[PDB]
Structures are given as structure tokens and as C-alpha cells.
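Just the one chain here, the form deposited in one PDB entry, laid out as C-alpha cells.
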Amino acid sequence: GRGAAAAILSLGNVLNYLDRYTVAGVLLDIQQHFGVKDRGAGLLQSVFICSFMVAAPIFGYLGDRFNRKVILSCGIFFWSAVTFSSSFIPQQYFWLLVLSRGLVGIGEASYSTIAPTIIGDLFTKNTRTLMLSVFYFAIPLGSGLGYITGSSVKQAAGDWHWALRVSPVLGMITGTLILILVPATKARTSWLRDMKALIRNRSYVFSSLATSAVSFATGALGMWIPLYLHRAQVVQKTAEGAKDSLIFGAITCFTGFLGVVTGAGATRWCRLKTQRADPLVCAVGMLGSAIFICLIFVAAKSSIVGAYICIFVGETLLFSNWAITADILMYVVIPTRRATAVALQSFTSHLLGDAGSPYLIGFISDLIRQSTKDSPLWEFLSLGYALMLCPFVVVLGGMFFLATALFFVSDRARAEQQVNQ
């Protein structure tokens, strides 16, 4: 059952991202229950991403050294249990939830690092691109369903707690499948030398910084904008926040698919016009995404619908680059340094962005809110002001992509010379 194995792997990835983003949709309830501020809310995602980055390389090394299936299934079970246990935490305690988020990060890093290897080892033909395509499409759908399930479970059960209790169960079932169906899969100095040679690749460094900016934007936005929309509805007379998160997730999944598709199409069209089309299309998309991510805050007060269309277009643009960055990395770097290059790029993108970026946004929100008077209007304005920083980082990432475009051909030439000589 190789096809069933791929299907269950995709379902497990969906559940992985569902568990990752279930907290974002129910952030208001957690913050109100534990009596914490925006800083404490950020801590959750910040610690999760820190754990993910610190754990993924370990899990890759262990997967190539030890059985992949055992690690994958044990991870499924591990974060499922961690989530279901974190559902039960005394309101007085707060750090236990952060520890649970970190452990879920460990497990989800295990999965995100091992599952692609299994998907590849099951089968290597050109049809492998399609199977990996569905595996990766599990990502935006997973995030959208995370928001949807958070909102819906919170509304139906009557307590936010159950938002962390339904998802675990399914995971375990998926775990029971990942071992039943999937069959057995078919130099420190070298790593140091590869790194020492990668830092001198200007396009690689600039693309890494640009994707770090993208990580910053994605993390901050996807973690805060549900609460931001609820705050916007609160400050205005028409107040909802489950519906806001529901609509955000529904837009998120569709926007992820459409953004990937449009990025691929724009790449295919613009390559014929000129080489170095990937960095340039990425940078243009980043500029547009920054413009509309800044437009969301202006549209919030006037009406929520305009903010939602701004979300749509900005998500489309910022999401399109997700499929082009990998092609950029592949084109720049030679095969001897591709694995190390990818690992370093992932680590740097998680470090410079998506790790502490939600915490930084929450800290800024707290700073403005405490410096000024405390009230729904001030809280809304402070969250908007903090989120204002994300467009600047997106513009920085776009400039980095433009720089990468500048050095693109020369770096290709050096790579070709290294390969040939």
C-alpha cells in the first residue's frame, strides 16, 4: 500500500500544521484565561519555533542514522499526547503551556524532517514531484483547518480547552496508520568546508536573508491578525472572535494554493523574457505584499471586508515565493553543498524570523499599550502599530531578493566553474 502510505503521510502533515496553528485561532481565549499580555501570547509561538529549529537537524541526522518509521510514529504520538495534556493545565500555571508548545515543536520538527525522506524513498520516479506536491499542499490546508477547527471547537464545546483535545485523537489514529501501511524505506569536516564555502555565495546569503524576512512576516501575521481583527471589531461598535479566525483560515488555505500556483505561472512566463526571473518575480511579489500588508491596517477601521481582501492579495503574493525560493537555492548552489545549504537556510530563516518575531510584535504592543492609557481603543492601536513593523521587514526581504537578482548570473557562473573544474 504505497499510495495509502503517501495518503496517510499527507494526512499526518495536515494534522501537523493543524496542531501548529490551532493556538493562533484561540489566542484570545488563552490570553484571557491565563491573564497574560501580548508578550506571553507571543512566547508560545516563539518557543515553538525555537524548539523546531533547534530540533530539526538532530532529527534528520538521527533519521539517516536510525529507523525513520519508528521516529515518525513516536513523534506523532508524542505531540498528540503533549497537546492533549496541555489542554489540562491549571489556570494559575502558565509556563507549562509554553513547555508543551516547545515539545510539540520538537515532535513536529521530527515529522517535517523525516516524512519527506520516506515519501522520496518509497518512490523516485518523475511522479515523485506530484506526490511531494500533495505532501507540501498539505501545509496551507493544514493551517487553514487549524484556524477553522480552533474557532469551531471553541464555539461548539463552549470551552476553549476542547480546541486542544479533538486534534490529538485524530493524530494518534494517523500514527496507528503510519506504521501499519508505510513499509521499510528503500564527515564533520566536510560540513564545515561546505559552510565555509557557502557564506561566500552572495546570492545564497541574500536569498537566505530574504526568506528570513518572509519568515518574520509569516510568523507575526499568521500569529496575530486573528486577534487584530477581533480587536478591530471590538473597538468599532460592531463586535464579533471565532468568526474572524474562521474567515481568516478559509482565506488562508485558498490564498496559499492560489499563491503557489500564481508564483509558478509568473516564473514560467518571466523566465522566457530574461534569466534571473525567479529573484525578480519574488521581489516584485514582496513589494506588492508589503503594500497590501500596510493597507490592511488602514482598512481595518473603515471596514473588515476591505481588510479581508487585503489579506487575500497579500497572502497570495507573500505565499507565491515559497515555491520559487527552493528553485533559487537549487540554481545557485552546486550539488555537493545543497543539503548543507538547505539546512543552513532553514535554520537562518527560523532564527532571524519566526523565532521571536511574534514575541517582538507582542512586546512592542505591550510597550505602546502600557506607555499610553489601557483601553480597547489603545489596545487595538498598539497591536496595529506593532504589526506595522512587518511591512518594513517584507520590504527588506524584497530588497534582498533584488540584490540576489543582481549577483544571480555571476554566482551561477562560479557554481558552473566549480562543478566543471
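All residue numbers refer to positions in the sequence shown, first residue = 1. Just so we're on the same page, rigid core means the largest C-alpha set that superposes within 1.5 Å between forms. Residues that one form lacks are left out of the comparison.
Participant: Compared with other deposited entries of this protein, is residue 188 missing coordinates in at least a third of those that cover its neighbours?
Facilitator: Yes.
Participant: Counting the other entries of this protein, is residue 238 left out in at least a third of them?
Facilitator: Comparison shows residue 238 dropped in at least a third of the other entries.
Participant: Our gap detector needs a label for residue 186 to residue 187. Which class matches the unmodelled residues of the deposited sequence there: none, 1 to 3, 4 to 9, or 10 or more?
Facilitator: Gap between residue 186 and residue 187: 10 or more residues without coordinates.
Participant: Would you mind checking whether any residues of the deposited sequence sit unmodelled between residue 240 and residue 241, and how many (none, 1 to 3, 4 to 9, 10 or more)?
Facilitator: Count of unmodelled residues in between: 4 to 9.
The form deposited in another entry exists for this protein as well; it is not shown, and the discussion that follows is about that form.
Participant: Rigid core as reference, CA moved 2 Å or more between the shown form and the other one - which of 137, 322, 312, 331?
Facilitator: Once the cores are aligned, the residue moving by 2 Å or more is 137.
Participant: Note yes or no: does the Cα of residue 288 move by 2 Å or more between the shown form and the other one after the core is superposed?
Facilitator: Comparing forms between the shown form and the other one, the residue 288 CA shifts below 2 Å.
Participant: Quick one: core overlaid, is residue 215 moving 2 Å or more at the Cα between the shown form and the other one?
Facilitator: No: residue 215 shifts by under 2 Å between the shown form and the other one.
Participant: Hey, does residue 203 budge by 2 Å or more at the Cα between the shown form and the other one once the core is superposed?
Facilitator: For residue 203, whose C-alpha is compared between the shown form and the other one after core superposition, the shift is less than 2 Å.
Participant: Just to spell it out: taking the C-alpha atom of residue 145 and the C-alpha atom of residue 388, is that distance smaller or larger in the other form than in the structure shown here, given it changes by 3 Å or more?
Facilitator: Result: farther.
Participant: Just to spell it out: taking the C-alpha atom of residue 225 and the C-alpha atom of residue 304, is that distance smaller or larger in the other form than in the structure shown here, given it changes by 3 Å or more?
Facilitator: Their C-alpha distance grows by at least 3 Å in the other form.
Participant: After the core superposition, state the residue ranges of at least 3 consecutive residues in which each CA shifts by 2 Å or more between the shown form and the other one.
Facilitator: The segments that shift (3 or more residues, C-alpha shift of 2 Å or more) are 4-52, 54-139, 141-185, 304-308.
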